[PDB]
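*Asks:* Contents of upload15.csv (CSV, C-alpha atoms and all ligand atoms):
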```
chain,number,residue,atom,x,y,z
S,26,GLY,CA,-18.7,9.1,15.3
S,27,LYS,CA,-15.7,6.8,15.3
S,28,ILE,CA,-14.0,6.1,11.9
S,29,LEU,CA,-11.5,3.2,11.5
S,30,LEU,CA,-9.0,3.9,8.7
S,31,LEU,CA,-7.4,0.7,7.4
S,32,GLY,CA,-4.1,1.4,5.6
S,33,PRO,CA,-1.1,3.6,6.1
S,34,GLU,CA,-1.3,6.8,8.1
S,35,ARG,CA,-2.3,9.9,6.2
S,36,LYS,CA,-2.4,13.2,8.2
S,37,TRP,CA,-4.4,14.9,5.5
S,38,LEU,CA,-7.1,12.2,5.7
S,39,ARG,CA,-7.1,12.1,9.5
S,40,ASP,CA,-7.3,15.9,9.6
S,41,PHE,CA,-10.1,15.9,7.0
S,42,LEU,CA,-12.1,13.2,8.7
S,43,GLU,CA,-11.4,14.9,12.0
S,44,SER,CA,-12.7,18.1,10.4
S,45,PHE,CA,-16.2,16.7,10.7
S,46,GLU,CA,-15.7,16.2,14.5
S,47,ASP,CA,-15.4,12.5,14.1
S,48,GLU,CA,-12.9,10.3,15.9
S,49,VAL,CA,-10.2,8.6,13.7
S,50,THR,CA,-8.2,5.5,14.5
S,51,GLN,CA,-5.7,4.0,12.1
S,52,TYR,CA,-4.5,0.5,11.6
S,53,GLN,CA,-2.4,-1.1,8.8
S,54,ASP,CA,-1.7,-4.7,10.1
S,55,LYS,CA,-3.7,-7.9,9.8
S,56,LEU,CA,-7.0,-7.6,11.7
S,57,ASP,CA,-8.5,-10.5,13.6
S,58,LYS,CA,-12.2,-11.0,13.8
S,59,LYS,CA,-12.3,-10.3,17.5
S,60,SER,CA,-9.8,-7.4,17.6
S,61,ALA,CA,-10.6,-4.6,19.9
S,62,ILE,CA,-9.7,-2.1,17.1
S,63,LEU,CA,-13.3,-2.6,15.9
S,64,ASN,CA,-15.2,-1.8,19.2
S,65,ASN,CA,-17.5,1.2,18.7
S,66,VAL,CA,-16.5,1.7,15.1
S,67,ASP,CA,-19.2,3.5,13.2
S,68,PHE,CA,-17.6,3.4,9.7
S,69,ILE,CA,-14.6,1.7,8.1
S,70,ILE,CA,-12.6,3.4,5.4
S,71,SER,CA,-10.1,1.1,3.6
S,72,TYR,CA,-7.5,2.9,1.5
S,73,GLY,CA,-4.2,1.1,0.8
S,74,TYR,CA,-5.1,-1.7,3.2
S,75,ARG,CA,-3.0,-4.7,2.3
S,76,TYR,CA,-5.1,-7.5,3.8
S,77,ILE,CA,-8.4,-9.2,3.1
S,78,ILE,CA,-11.2,-8.2,5.6
S,79,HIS,CA,-12.8,-11.3,7.2
S,80,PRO,CA,-16.4,-12.1,6.0
S,81,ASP,CA,-17.6,-11.7,9.6
S,82,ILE,CA,-16.3,-8.2,9.7
S,83,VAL,CA,-17.8,-7.6,6.3
S,84,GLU,CA,-21.3,-8.6,7.3
S,85,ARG,CA,-21.0,-6.7,10.6
S,86,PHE,CA,-20.1,-3.5,8.8
S,87,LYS,CA,-22.2,-4.2,5.7
S,88,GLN,CA,-23.2,-0.9,4.2
S,89,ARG,CA,-20.8,0.8,6.7
S,90,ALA,CA,-17.5,-0.2,5.2
S,91,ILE,CA,-16.1,1.4,2.0
S,92,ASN,CA,-12.9,0.8,0.1
S,93,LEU,CA,-11.1,3.4,-2.1
S,94,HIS,CA,-9.9,1.4,-5.1
S,95,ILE,CA,-7.8,3.1,-7.8
S,96,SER,CA,-9.4,1.2,-10.6
S,97,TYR,CA,-12.6,1.5,-12.7
S,98,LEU,CA,-14.5,-1.5,-11.4
S,99,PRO,CA,-15.5,-4.1,-12.4
S,100,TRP,CA,-12.1,-3.9,-14.3
S,101,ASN,CA,-8.8,-4.5,-12.5
S,102,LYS,CA,-10.1,-5.9,-9.2
S,103,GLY,CA,-7.3,-6.8,-6.7
S,104,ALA,CA,-3.6,-5.9,-7.0
S,105,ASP,CA,-1.7,-3.4,-9.2
S,106,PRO,CA,-4.8,-2.0,-10.9
S,107,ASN,CA,-2.9,1.0,-12.5
S,108,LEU,CA,-0.4,-1.3,-14.1
S,109,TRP,CA,-3.0,-3.8,-15.3
S,110,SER,CA,-5.3,-1.1,-16.7
S,111,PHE,CA,-2.5,-0.5,-19.3
S,112,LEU,CA,-1.3,-4.1,-19.7
S,113,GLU,CA,-4.8,-5.1,-20.6
S,114,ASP,CA,-5.9,-1.8,-22.1
S,115,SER,CA,-9.0,-1.5,-19.9
S,116,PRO,CA,-11.0,1.4,-18.6
S,117,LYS,CA,-9.0,3.6,-16.2
S,118,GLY,CA,-10.3,5.4,-13.1
S,119,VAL,CA,-11.1,5.2,-9.4
S,120,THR,CA,-14.0,3.6,-7.6
S,121,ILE,CA,-15.4,4.0,-4.1
S,122,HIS,CA,-17.4,0.8,-3.3
S,123,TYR,CA,-18.9,-0.9,-0.3
S,124,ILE,CA,-16.8,-3.7,1.0
S,125,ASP,CA,-18.2,-7.2,0.6
S,126,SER,CA,-16.9,-10.8,0.8
S,127,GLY,CA,-14.4,-11.2,-2.1
S,128,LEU,CA,-11.8,-8.8,-3.3
S,129,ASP,CA,-13.2,-5.5,-4.8
S,130,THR,CA,-16.6,-7.0,-5.7
S,131,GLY,CA,-19.0,-4.9,-3.6
S,132,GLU,CA,-21.6,-2.4,-4.7
S,133,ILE,CA,-20.3,0.7,-6.5
S,134,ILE,CA,-21.0,4.0,-4.8
S,135,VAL,CA,-19.3,6.3,-7.3
S,136,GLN,CA,-16.7,6.0,-10.0
S,137,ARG,CA,-14.7,8.4,-12.0
S,138,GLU,CA,-12.8,7.8,-15.3
S,139,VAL,CA,-9.2,9.0,-15.3
S,140,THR,CA,-7.6,9.7,-18.6
S,141,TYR,CA,-3.9,9.6,-19.3
S,142,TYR,CA,-1.5,11.3,-21.7
S,143,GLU,CA,1.2,10.3,-24.2
S,144,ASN,CA,4.1,11.0,-21.9
S,145,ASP,CA,2.6,9.5,-18.8
S,146,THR,CA,4.4,7.1,-16.6
S,147,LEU,CA,3.1,4.6,-14.0
S,148,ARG,CA,4.2,7.2,-11.4
S,149,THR,CA,2.3,10.1,-12.9
S,150,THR,CA,-0.8,8.0,-13.6
S,151,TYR,CA,-0.7,6.6,-10.1
S,152,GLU,CA,-0.4,10.0,-8.6
S,153,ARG,CA,-3.3,11.3,-10.8
S,154,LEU,CA,-5.4,8.3,-9.7
S,155,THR,CA,-4.4,9.0,-6.0
S,156,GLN,CA,-5.4,12.7,-6.4
S,157,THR,CA,-8.6,11.8,-8.2
S,158,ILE,CA,-9.8,9.2,-5.7
S,159,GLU,CA,-8.8,11.4,-2.8
S,160,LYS,CA,-10.6,14.3,-4.4
S,161,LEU,CA,-13.5,12.0,-5.2
S,162,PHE,CA,-13.7,10.7,-1.6
S,163,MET,CA,-13.8,14.3,-0.2
S,164,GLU,CA,-16.5,15.3,-2.6
S,165,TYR,CA,-18.9,12.4,-1.6
S,166,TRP,CA,-17.8,11.8,2.0
S,167,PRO,CA,-20.2,14.4,3.4
S,168,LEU,CA,-23.0,12.4,1.6
S,169,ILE,CA,-21.6,9.0,2.5
S,170,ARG,CA,-21.0,10.0,6.1
S,171,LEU,CA,-24.7,10.4,6.6
S,172,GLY,CA,-25.7,7.2,4.8
S,173,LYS,CA,-27.3,9.3,2.1
S,174,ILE,CA,-26.3,7.0,-0.8
S,175,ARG,CA,-26.9,3.4,-1.8
S,176,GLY,CA,-24.7,1.5,-4.2
S,177,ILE,CA,-25.6,-0.4,-7.4
S,178,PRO,CA,-24.6,-4.0,-7.8
S,179,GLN,CA,-21.1,-4.4,-9.4
S,180,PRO,CA,-21.6,-5.9,-12.9
S,181,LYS,CA,-20.0,-9.3,-13.2
S,182,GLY,CA,-17.1,-9.5,-15.7
S,183,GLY,CA,-14.4,-6.9,-15.7
S,184,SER,CA,-11.1,-8.4,-14.5
S,185,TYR,CA,-9.1,-9.5,-11.4
S,186,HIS,CA,-5.4,-9.8,-10.7
S,187,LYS,CA,-3.2,-11.2,-8.0
S,188,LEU,CA,0.1,-9.7,-6.9
S,189,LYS,CA,2.1,-12.5,-8.6
S,190,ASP,CA,0.2,-12.1,-11.9
S,191,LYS,CA,2.5,-9.2,-12.9
S,192,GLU,CA,5.8,-11.2,-12.5
S,193,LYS,CA,5.7,-12.1,-16.2
S,194,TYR,CA,5.7,-8.4,-17.1
S,195,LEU,CA,8.1,-6.8,-14.6
S,196,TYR,CA,10.7,-6.9,-17.4
S,197,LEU,CA,8.7,-4.2,-19.2
S,198,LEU,CA,9.1,-1.8,-16.2
S,199,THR,CA,12.6,-0.7,-17.1
S,200,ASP,CA,12.4,2.5,-15.1
S,201,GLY,CA,10.3,1.1,-12.2
S,202,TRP,CA,7.4,3.4,-11.6
S,203,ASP,CA,9.0,6.0,-13.9
S,204,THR,CA,8.4,3.7,-16.9
S,205,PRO,CA,6.3,5.3,-19.6
S,206,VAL,CA,2.9,3.7,-19.9
S,207,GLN,CA,2.9,3.7,-23.7
S,208,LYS,CA,5.3,0.7,-23.7
S,209,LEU,CA,2.8,-1.3,-21.6
S,210,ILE,CA,-0.5,-0.8,-23.5
S,211,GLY,CA,-2.1,-4.2,-24.2
S,212,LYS,CA,1.1,-6.1,-23.6
S,213,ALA,CA,-1.0,-8.7,-21.8
S,214,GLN,CA,-3.2,-9.6,-24.8
S,301,LIG,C1,-2.3,-5.1,-1.1
S,301,LIG,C2,-2.0,-4.7,-2.5
S,301,LIG,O1,-1.4,-5.4,-3.2
S,301,LIG,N1,-2.4,-3.4,-3.0
S,301,LIG,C3,-3.1,-2.4,-2.1
S,301,LIG,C4,-2.9,-1.0,-2.6
S,301,LIG,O2,-1.5,-0.7,-2.7
S,301,LIG,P1,-1.1,0.8,-2.7
S,301,LIG,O3,-1.5,1.5,-1.4
S,301,LIG,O4,-1.7,1.5,-3.9
S,301,LIG,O5,0.6,0.9,-2.8
S,301,LIG,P2,1.4,0.3,-4.1
S,301,LIG,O6,2.0,-1.0,-3.7
S,301,LIG,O7,0.6,0.2,-5.3
S,301,LIG,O8,2.7,1.3,-4.4
S,301,LIG,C5,3.2,2.1,-3.4
S,301,LIG,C6,3.9,3.3,-4.0
S,301,LIG,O9,4.6,2.9,-5.4
S,301,LIG,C7,4.4,3.8,-6.3
S,301,LIG,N2,3.6,3.3,-7.4
S,301,LIG,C8,2.9,2.1,-7.3
S,301,LIG,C9,2.2,1.6,-8.5
S,301,LIG,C10,2.1,2.3,-9.7
S,301,LIG,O10,1.4,1.9,-10.6
S,301,LIG,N3,2.8,3.6,-9.8
S,301,LIG,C11,3.6,4.2,-8.7
S,301,LIG,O11,4.1,5.2,-8.8
S,301,LIG,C12,3.6,4.9,-5.5
S,301,LIG,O12,4.4,5.9,-5.1
S,301,LIG,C13,3.0,4.2,-4.3
S,301,LIG,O13,2.8,5.2,-3.2
S,301,LIG,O14,-3.5,-0.8,-3.9
S,301,LIG,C14,-4.9,-1.1,-3.9
S,301,LIG,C15,-5.5,-0.9,-5.2
S,301,LIG,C16,-5.2,-2.5,-3.4
S,301,LIG,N4,-6.6,-2.8,-3.4
S,301,LIG,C17,-7.6,-1.9,-2.9
S,301,LIG,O15,-8.8,-2.1,-2.9
S,301,LIG,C18,-4.6,-2.7,-2.1
S,301,LIG,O16,-5.2,-1.9,-1.1
```
Represent the supplied structure as C-alpha cells.
*Replies:*
Amino acid sequence: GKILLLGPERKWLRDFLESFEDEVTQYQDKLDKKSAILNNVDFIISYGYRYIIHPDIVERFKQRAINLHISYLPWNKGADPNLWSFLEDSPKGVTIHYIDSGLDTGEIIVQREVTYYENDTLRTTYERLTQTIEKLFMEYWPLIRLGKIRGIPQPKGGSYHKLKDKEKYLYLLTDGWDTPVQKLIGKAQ
C-alpha cells in the first residue's frame, strides 16, 4: 500500500512504515484539494502536520486518515496541547483519532494517559508524550493498517485552543521549553 505521511520527515517512522513493505511519501506543506500527492494514497497519517485538511480530503479518506495528537481528547484540541494540559489542569496523554472536519474532533481510536513528575519541564513532558504516542502508534498500527478497528465518537466538551491563545501566558515560560511545569498548573483558571 501507499502511505502519505503529513508532517516533518521522520526516518524512524518511514523505516517503520516501510518495514511493512508499504510505500511512504512525505509532505509538510499546504495541501490543495486536487494535489497529485494524494493519487493512489491508501492511508494518511498526520503527525505534526501544521495545516487543516480540507473537508473534501477528509470525506475522501474518511476512516482511512488518522492523526497522532499529543493530548487526551476531548481535552486540548488544537494547538499547544502539552502547555494547555498544565495551564488548565486537564487530563494529559496522547490520542490516535480518525481525521474529520474540524480540528481534532474525529472518532477516538486509542488513547493513553501520560503522567508527569514534580521536576518535569515542558520539554521532558513533550518528549514523554512524543515517545508515548510514537510507542502507542507502533503498538496499534499493525491493527490499524488492516482496518481492524473502529473508533468511538469523541465526547463533546473537553477544550480547544488556538496558537494565539497562549500569548497571554508566554511570560510564564521563563526558560522556554525548559520551564518547569509546576509553575504552570491551572494558571489559566
Ligand atoms: C500546527 C500546530 O500548531 N501544532 C502541530 C504540532 O506541532 P508539533 O509537531 O508538536 O511541534 P511544536 O510546535 O509543538 O514544538 C516543536 C518542538 O518544541 C519543543 N517543544 C514544544 C512544545 C512543548 O510543550 N515542549 C517542547 O519541548 C519540542 O522539541 C518540539 O520538537 O502539535 C500538534 C499537537 C498539532 N495538532 C495535531 O493534531 C499540530 O499538528
*Asks:* Set the cut-off to 10 Å, count all atoms listed in the file, and list whatever residues fall near ligand LIG 301 (chain S) as number ranges by chain.
*Replies:* S: 31-33, 71-77, 91-96, 101-111, 119-122, 124, 128-130, 146-155, 186-189, 201-204, 206
*Asks:* Might you pull out every residue within 10 Å of stretch 170-175 of chain S, with all atoms listed in the file counted and same-chain residues fewer than 2 positions away left off, and present them as a ChimeraX atom specification?
*Replies:* /S:26,28,42,45,67-68,88-89,122-123,132-135,165-168,177-178
*Asks:* Show which residues sit within 12 Å of residue S:35, as number ranges by chain. Count all atoms listed in the file, and ignore same-chain residues fewer than 3 positions away.
*Replies:* S: 30-32, 38-43, 49-53, 72-73, 159
*Asks:* Pick out the closest residue to residue S:85 from this set: S:212, S:58, S:27, S:137. Count only C-alpha atoms.
*Replies:* S:58
*Asks:* Name the closest residue to residue S:63 among the candidates S:113, S:90, S:158, S:196; distances are taken between atoms, counting all atoms listed in the file.
*Replies:*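 The answer is S:90, which sits nearest to residue S:63.
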*Asks:* So the first atom is atom CA of residue S:86 and the second is atom CA of residue S:138; what is the distance between them in Å, to one decimal place?
*Replies:*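 Between atom CA of residue S:86 and atom CA of residue S:138 the gap works out to 27.6 Å.
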*Asks:* In Å to one decimal, how far is atom CA of residue S:197 from atom CA of residue S:139?
*Replies:*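 So the two atoms, atom CA of residue S:139 and atom CA of residue S:197, lie 22.6 Å apart.
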*Asks:* Residue S:140: which residues within 9 Å, counting all atoms listed in the file, same-chain residues fewer than 3 positions away excluded, as a ChimeraX atom specification?
*Replies:* /S:116-118,150
*Asks:* Would you please work out which residue, of S:194, S:29, S:213, S:144, is nearest to residue S:61 when using only C-alpha atoms?
*Replies:*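 Closest to residue S:61, using only C-alpha atoms: S:29.
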*Asks:* Would you mind reading off the distance between atom CA of residue S:176 and atom CA of residue S:98, one decimal, in Å?
*Replies:*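 Distance between the two atoms: 12.8 Å.
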*Asks:* Counting only C-alpha atoms, which residue out of S:169, S:112, S:142, S:55 sits closest to residue S:190?
*Replies:*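 Looking only at the distances to residue S:190, the closest residue turns out to be S:112.
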*Asks:* Using only C-alpha atoms, find the one residue out of S:126, S:184, S:136, S:65 that sits nearest to residue S:162.
*Replies:* S:136
*Asks:* Contacts of residue S:99 at 7 Å or less, counting only C-alpha atoms, minus same-chain residues fewer than 3 places along, as a list in words?
*Replies:* residues 102, 179, 180, 181, 182, 183 and 184 of chain S
*Asks:* Next, write the just-selected residues to a file, as an mmCIF file, in the coordinates of the input, keeping C-alpha atoms as the atom set.
*Replies:*
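As written to disk, out_29.cif reads:
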```
data_model
loop_
_atom_site.group_PDB
_atom_site.id
_atom_site.type_symbol
_atom_site.label_atom_id
_atom_site.label_comp_id
_atom_site.auth_asym_id
_atom_site.auth_seq_id
_atom_site.Cartn_x
_atom_site.Cartn_y
_atom_site.Cartn_z
ATOM 1 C CA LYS S 102 -10.100 -5.900 -9.200
ATOM 2 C CA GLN S 179 -21.100 -4.400 -9.400
ATOM 3 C CA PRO S 180 -21.600 -5.900 -12.900
ATOM 4 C CA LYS S 181 -20.000 -9.300 -13.200
ATOM 5 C CA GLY S 182 -17.100 -9.500 -15.700
ATOM 6 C CA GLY S 183 -14.400 -6.900 -15.700
ATOM 7 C CA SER S 184 -11.100 -8.400 -14.500
#
```
*Asks:* Using only C-alpha atoms, can you tell me which of S:160, S:59, S:208, S:191 comes closest to residue S:82?
*Replies:*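 Distance minimum relative to residue S:82 lands on S:59.
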